[PDB]
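Okay, so here's the structure we're looking at.
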Amino acid sequence: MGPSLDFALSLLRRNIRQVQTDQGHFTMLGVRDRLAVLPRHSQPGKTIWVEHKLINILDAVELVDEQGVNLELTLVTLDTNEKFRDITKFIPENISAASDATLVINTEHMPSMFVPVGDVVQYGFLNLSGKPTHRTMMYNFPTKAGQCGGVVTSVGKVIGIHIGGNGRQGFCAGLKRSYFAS
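First residue of the sequence shown? That's 0 in the entry's author numbering, and the numbers climb one at a time after it.
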């Protein structure tokens, strides 16, 4: 097996989980310890369904930037025995463009799904169904409903979380390592 296929499959196995909230089916990225990230639209409650059981959420933080603008990411600390393999070394320090990225979706409806989205560019401001959002990136690929939370990855780097599309293009919230600092 090649290096990029091995990396994506290991990310799926060790870090990318099928979840359900009251808003429906989403992909969740576990980053380290009991810390995971969700797309804000998932609106996690006091418990979240993770793969095969209900998990209590100890803390949730909806991230905003220094202006108070939505970044469309929710950090959650889970009450679970699982400790996530620490992938913070694979998250860039600054929001980074990439060539020939893959979007990895994992929900009950779209399990272990690989989508060849192509180049990912800096985008910035996005109006997400009436909610203004900063620090987004863009791919010229017609993504569809049900892929929110999907993980954007390129050459061993974990660079974004899918947050929506316009029928011709898809958009992610950019990841940076400091979001996950202790």
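Every residue gets a Cβ at the ideal spot worked out from N, C-alpha and C, and that includes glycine.
Segment contact: the stretch 64-71 against the stretch 127-136, three or more CB-CB distances shorter than 8 Å; contact assigned.
Taking C-beta atoms as the reference points, residue 147 and residue 159 fail to come closer than 8 Å.
Beta-bridge pairing by DSSP links residue 138 to 119, 169.
A contact is defined here as three or more CB-CB pairs under 8 Å, and the stretch 83-98 fails this definition with respect to the stretch 47-61. Nearest Cα to residue 162 within the set 151, 156, 155: 151.
Judged by DSSP secondary structure, residue 100 falls within the beta strand (DSSP E) whose first and last residues are 97-104.
For residue 7, the enclosing alpha helix (DSSP H) covers residues 2-14. Under DSSP, residue 30 forms no beta bridge with any residue.
Proximity of the stretch 96-110 to the stretch 30-45 falls short of the contact definition, fewer than three beta-carbon pairs being nearer than 8 Å.
Cβ neighbours of residue 20 within its own chain (closer than 7 Å, five residues either side excluded): 41, 42, 43, 44, 47.
Within the stretch 41-97, the beta strand (DSSP E) runs of at least 3 residues that lie entirely inside it are, in chain order, 46-49, 52-63, 69-77. By the CB criterion at 8 Å, residue 83 and residue 149 fall outside the cutoff. Judged by DSSP in its simplified three-state form, residue 181 adopts coil rather than helix or strand. In this structure, residue 120 sits near residue 96, with a CB-CB distance shorter than 8 Å. In this structure residue 17 is in contact with residue 50, their Cβ atoms being roughly 6 Å apart against a cut-off of 8 Å.
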